[PDB]
Amino acid sequence: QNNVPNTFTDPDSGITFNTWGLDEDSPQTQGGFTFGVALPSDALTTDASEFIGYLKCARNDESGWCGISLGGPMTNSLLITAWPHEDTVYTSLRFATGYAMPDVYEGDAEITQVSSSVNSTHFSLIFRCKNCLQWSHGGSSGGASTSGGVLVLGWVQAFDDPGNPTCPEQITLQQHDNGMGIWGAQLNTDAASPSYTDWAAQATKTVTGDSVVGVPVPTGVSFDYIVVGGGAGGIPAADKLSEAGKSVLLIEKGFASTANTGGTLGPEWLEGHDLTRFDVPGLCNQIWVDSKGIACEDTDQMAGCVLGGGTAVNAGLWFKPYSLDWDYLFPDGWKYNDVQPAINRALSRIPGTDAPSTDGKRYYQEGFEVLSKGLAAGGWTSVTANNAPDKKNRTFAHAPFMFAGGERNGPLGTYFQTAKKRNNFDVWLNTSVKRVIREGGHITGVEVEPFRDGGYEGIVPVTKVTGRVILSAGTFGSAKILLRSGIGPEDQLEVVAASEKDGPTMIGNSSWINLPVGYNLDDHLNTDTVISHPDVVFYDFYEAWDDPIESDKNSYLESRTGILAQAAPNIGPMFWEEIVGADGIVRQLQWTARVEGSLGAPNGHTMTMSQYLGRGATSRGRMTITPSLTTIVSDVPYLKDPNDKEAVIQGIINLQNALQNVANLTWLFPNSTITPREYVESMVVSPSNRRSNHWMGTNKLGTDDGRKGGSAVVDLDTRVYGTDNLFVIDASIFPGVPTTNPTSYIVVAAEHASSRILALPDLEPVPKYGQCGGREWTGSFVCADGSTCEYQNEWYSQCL
Ligand SMILES: Cc1cc2nc3c(=O)[nH]c(=O)nc-3n(C[C@H](O)[C@H](O)[C@H](O)COP(=O)(O)OP(=O)(O)OC[C@H]3O[C@@H](n4cnc5c(N)ncnc54)[C@H](O)[C@@H]3O)c2cc1C
Ligand code: HEM
Ligand SMILES: *[C@@H]1O[C@H](CO)[C@@H](O)[C@H](O)[C@H]1NC(C)=O
Ligand SMILES: *[C@@H]1O[C@H](CO)[C@@H](O)[C@H](O)[C@H]1NC(C)=O
Ligand SMILES: *[C@@H]1O[C@H](CO)[C@@H](O)[C@H](O)[C@H]1NC(C)=O
Ligand SMILES: *[C@@H]1O[C@H](CO)[C@@H](O)[C@H](O)[C@H]1NC(C)=O
Ligand SMILES: *[C@H]1O[C@H](CO)[C@@H](O)[C@H](O)[C@@H]1O
Ligand SMILES: *[C@H]1O[C@H](CO)[C@@H](O)[C@H](O)[C@@H]1O
Ligand SMILES: *[C@H]1O[C@H](CO)[C@@H](O)[C@H](O)[C@@H]1O
Ligand SMILES: *[C@H]1O[C@H](CO)[C@@H](O)[C@H](O)[C@@H]1O
Ligand SMILES: *[C@H]1O[C@H](CO)[C@@H](O)[C@H](O)[C@@H]1O
């Protein structure tokens, strides 16, 4: 939709609105969308509580529905839902913690109606929302301030119609397949009217209507290592541990993904050759249109919960690490010279490929040829991505992948395969870990509950004394486990205490460790741009799911070759440049070109280039947790430091200087009339639109003790401060986001950290009368036999 509002007068009720919305034939939503607001008189100065609004929604083949997010993200915001049934339009206010079925809003809000109009192609509405702007649901409290002059809103539309469209509260829905978006909505002189109460009392309508399998833990079972989660860092770590001969258990909350992991689920034409939906690179883009049973429901962001984690559902981009990243982002011992052997071990398993097709050819390069030769004339040098990892400035290349055999490979096809064939390695799927149970600073076992049927219920102990637990659960995952284990900031630990789920069963206050868990939240800032060229050829990977092209289908199913052997959409040239700020700090930009429509530009002749803001970004956010025990982003990391925004703008400036030599090339986003500065600042800054989906830094690696008021969570051994046997290997430990897409960096970190943990001497229990604990205490937290750990004060604990 349109940013600058539009004054619109509805004749019958005589009510005035400020209307934003899209149109019928715009390549965003089918049937168009329009929304508006009627506020109180004082709204533009002091915040309004209730309001009045106008909904014009699409109806496709006499079927559909639409929704409004008042906060504008789907998660943790008050949602308005409307669908036609016969003449009557129905409304149910909902609330959604993660990406999933929103539950009925339990707050004080109420909907009343003025007018109802339903025809074949459309159903409109004029209603009144009371106590809607300020909302509270189950401990979560949101709000919308009309005082600022702008209102961030969000919208959806759909084709199918809900489960029975009679009772608003009990309806069932599926993912909205027509359109979605977030836009800042500005208000003006016509938003606030003195007649508001005559219009408010004019709404006379109140619309009416009419467990999991618990399989227990085996008897005498214990493990030298328990690795939680099968993600990017988990599978490589558990593999190297099992290689050493240690008895290792890998606990994954999801199910089998790729066909070599025992996978089943996949499209219709993949039946019989052992290919799943995850294995085919051309079908990788379907995770956006289908999240069912895959995406994590406990996070407000998007993360794959299946086996392999993000590596299963991602594009598969795999890069050889820039040496400057490890030097800049990490302390001594994690630097480049230190992680050099880790890089060699990781790339020997998964060497990069810039030609994913098994015949060593690239397909539909028409889009690539336009930008490549254009950037070459722009003064940018062409390189092979993994043959020159250390040239990131003014340069481009083909997209390297973790693929091989023409299929999605990753840690699933290398690290996991060698792991599954050993004796000492074991995997528990459909099983989520609630917490780690611990006495003082020593973890005994982990507490599991089934996420699905065939899951495990109980407590599985580590080998006595020596046993170690590794948290691979991920950026949001590992932080949630630590918080329910009594480890983290005070405010968040008290949230877990007041929760219904973990409330009565939580550990004692005296055992709480205070670490900045959830802080140092970072990510690549994403800024999309769109160009249009006559020579660019679009390929549809979405219709390839149900009905693949005859040629290309047989090409992949036989020789594992063709356009379906490539990621979706077709990923064009990747170029980087390093920008020096006024603060002296070098910030890294990475552009990713692909052939698709993005911002509402048509698909065929257009290419989208996404700009990631990498290493050098000083801005940080924070991850918190709800009493529902769901992970949300309380503070958005992007664009805090003003010097970060300057780097983004300059990147667009220099890119336009390089690509302006190209004939017939057209810039859709931004248009020719908008300067790159005006285009960046007029954009909305939110986790939804601006995320690159790469999340790192919730548990920070550093030498500065977090208990002493430092920023670190885990030390240089990736071990949690205040604990001898607990370790964390995943993207969460990265102090900042690297130059490039993080997956390859995380697997390397897994290789490096696993080597350190193995090298560590076995834990030796503290003898009687010794000091087993303290808030400054480094050493062994476990007491010798015949002795227990007694808490005196925060600074001291003794073996007795
Ligand atoms: C769609 C998508 C596109 C992306 N594109 C790329 C790309 O092309 N290339 C690239 O470099 N990066 C890409 N990434 C980013 C990358 O996938 C992640 O940053 C990376 O996987 C992080 O790894 P992790 O181990 O820290 O977390 P994850 O990979 O998510 O691993 C966490 C695992 O733990 C499991 N789990 C979580 N909680 C629990 C629990 N409590 N108990 C038991 N198990 C649990 C989950 O099932 C999951 O399998 C993309 C990400 C997404 C989602
Ligand atoms: C059960 C039905 C629903 C499912 C399965 C669902 C799932 C999702 C998923 C997976 C995304 C992100 C997709 C992506 O990142 O590409 C999303 C985004 C969105 N959803 Fe929900 N949703 C549902 C119902 C709704 C409802 C009822 C509303 C509000 C009335 C809503 C508003 C939004 C908006 C505005 C976005 C885009 C902004 C954002 O990503 O947060 N959705 N939905
Ligand atoms: C996990 O659940 C899936 C479906 O929910 C099932 O197909 C699979 O067999 C289960 N795995 C185990 C180990 O129970
Ligand atoms: C126990 O709770 C209090 C506040 O209720 C908090 O100040 C204290 O730090 C907690 N104990 C520990 C060991 O953190
Ligand atoms: C990258 O190259 C450009 C062009 O030569 C130069 O202006 C810029 O300073 C370089 N960046 C760094 C970090 O050296
Ligand atoms: C300039 O941008 C506006 C709004 O984004 C758009 O309506 C207009 O079409 C653009 N200009 C051109 C020439 O397309
Ligand atoms: C709304 O209605 C009032 C009367 O209550 C008018 O005075 C105003 O101009 C607007 O039409
Ligand atoms: C509704 O109520 C307000 C409250 O004063 C009036 O100003 C308005 O004219 C209408 O009667
Ligand atoms: C409730 O009453 C109003 C008049 O105040 C009507 O306009 C409306 O259609 C509903 O019957
Ligand atoms: C419809 O029903 C609600 C019930 O709360 C009333 O408040 C409203 O005035 C209308 O009668
Ligand atoms: C626990 O008990 C089982 C039988 O239920 C044994 O097989 C196992 O070795 C352990 O003693």
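Couple of notes before you dig in:
- Value of [θ]222 nm, deg cm²/dmol, for the chain, DSSP H segments ≥ 4, -39500 (n - 2.57) each, nearest 500: -5000 deg cm²/dmol
- Between the residues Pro548, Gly272, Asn661, the greatest Cα displacement towards the positive end of the dipole of the chain, with unit charges on the Cβ of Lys, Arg, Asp and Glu, is found for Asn661.
- Relative contact order of the range 7-200, taken over Cα pairs closer than 8 Å and 6 or more residues apart, is 26 percent.
- A Cβ-based charge dipole, computed about the Cα centre of the chain with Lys and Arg at +1 and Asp and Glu at -1, lands at about 2240 debye.
- Taking label points 7 Å from Cα along the Cα-to-Cβ direction, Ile459 and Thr208 give a separation of 5.4 nm.
- Between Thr505 and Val104, the distance separating the two model label sites (each 7 Å from Cα on the Cα→Cβ line) works out to 2.8 nm.
- Taking θ as phi - 60° and the Karplus parameters 6.51, -1.76 and 1.60, the scalar couplings of the range 371-380 work out to 6, 4, 4, x, 6, 5, 7, x, x, 9 Hz in sequence order, x denoting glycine and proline.
- Dmax and Rg, reported as Rg then Dmax, of the range 682-783 (C-alpha, Å): 17.2, 65
- With the highest mean first, a sort of the peptides 474-482, 371-379, 141-149 on other beta-carbon atoms found within 10 angstrom per residue produces 474-482, 371-379, 141-149.
- Using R0 = 22 Å, the C-beta based FRET efficiency linking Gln660 and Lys361 works out to 0.10.
- Calculated FRET efficiency for the pair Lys292/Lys391, C-beta based, R₀ 60 Å, to 0.05: 0.90
- Here's how it looks for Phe33: its modeled amide H is under 5 Å from those of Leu22, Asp23, which are all 5 or more places away or on a different chain.
- For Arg615, the residues whose amide H sits under 5 Å from its own are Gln588, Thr739, ignoring neighbours fewer than 5 places away on the same chain, with H placed 1.01 Å from N.
- Relative contact order of the range 553-650: 20 percent, from C-alpha pairs under 8 Å at least 6 residues apart in sequence.
- Over all other residues within a Cβ to Cβ distance under 11 Å of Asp705, the charged ones net out to 0, with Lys and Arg as +1 and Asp and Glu as -1.
- Across the range 700-800, the mean sequence separation of Cα contacts (distance under 8 Å, 6 or more residues apart), normalised by length, yields a relative contact order of 20 percent.
- Long pairs among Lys292/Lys501; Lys480/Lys768; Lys240/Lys292, criterion Cα-Cα beyond 30 Å: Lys480/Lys768; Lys240/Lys292
- Charge dipole magnitude, Cβ of K and R +1, D and E -1 - the range 7-200, Cα centre, debye nearest 20: 380 debye
- Per-residue ³J(HN,Hα) for the range 24-37, Karplus 6.51 cos²θ - 1.76 cosθ + 1.60, θ = phi - 60°, Hz, x for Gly and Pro: 5, 9, 5, x, 10, 10, 9, x, x, 8, 9, 9, x, 9
- For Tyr519, the amide hydrogen comes within under 5 Å of the amide hydrogens of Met623, counting only partners 5 or more places away or on other chains and with H modelled in the peptide plane.
- In sequence order, the range 442-448 has phi-based couplings of 10, 8, 8, x, 10, 9, 10 Hz under the Karplus curve 6.51 cos²θ - 1.76 cosθ + 1.60, θ = phi - 60°, and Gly or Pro positions carry x.
- Packing-based ranking, highest mean first, of 409-415, 60-66 given that Cβ atoms within 10 Å are counted: 409-415, 60-66
- Computed E for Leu760/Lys420 - FRET, C-beta separation, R0 25 angstrom, nearest 0.05: 0.45
- Least to most buried among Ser41, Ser348, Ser555 (fewest other Cβ within 10 Å first): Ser348, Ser41, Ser555
- Inter-site label distance for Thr7 and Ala377 at 7 Å from Cα along Cβ, in nm: 4.9 nm
- Three-way shape call for the range 546-695 based on the alpha-carbon gyration tensor, with the a/c threshold at 1.5: oblate
- Computed over the range 407-468, the P(r) tail beyond 19 angstrom holds 51 percent of alpha carbon pairs.
- Ranked list, fewest to most other Cβ atoms within 10 Å of each Cβ, for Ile226, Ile343: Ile343, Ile226
- Selection from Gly702, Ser688, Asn18, by position along the positive dipole direction of the chain (Cβ): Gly702
- In the range 7-200, one over the average inverse separation of all distinct C-alpha pairs is 16.8 Å, which is the Kirkwood hydrodynamic radius.
- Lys/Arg +1, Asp/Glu -1 at C-beta; the chain dipole; positive extreme among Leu187, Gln365, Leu125: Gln365
- Pair-distance profile P(r), taking every C-alpha pair of the chain, with 10 angstrom steps and integer %: 2, 13, 22, 25, 21, 12, 5, 1, 0
- Fewest-first sequence of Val636, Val156 by Cβ atoms within 10 Å of each Cβ: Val636, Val156
- At 1.306 mPa s and 10 °C, Stokes D of the range 558-632 from Kirkwood alpha-carbon radius, µm² per second: 99 µm²/s
Read-outs throughout are calculated quantities, based only on the coordinates presented, and are distinct from any laboratory measurement. Cβ atoms come from the backbone with ideal geometry, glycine included; neighbour counts cover every protein chain shown.
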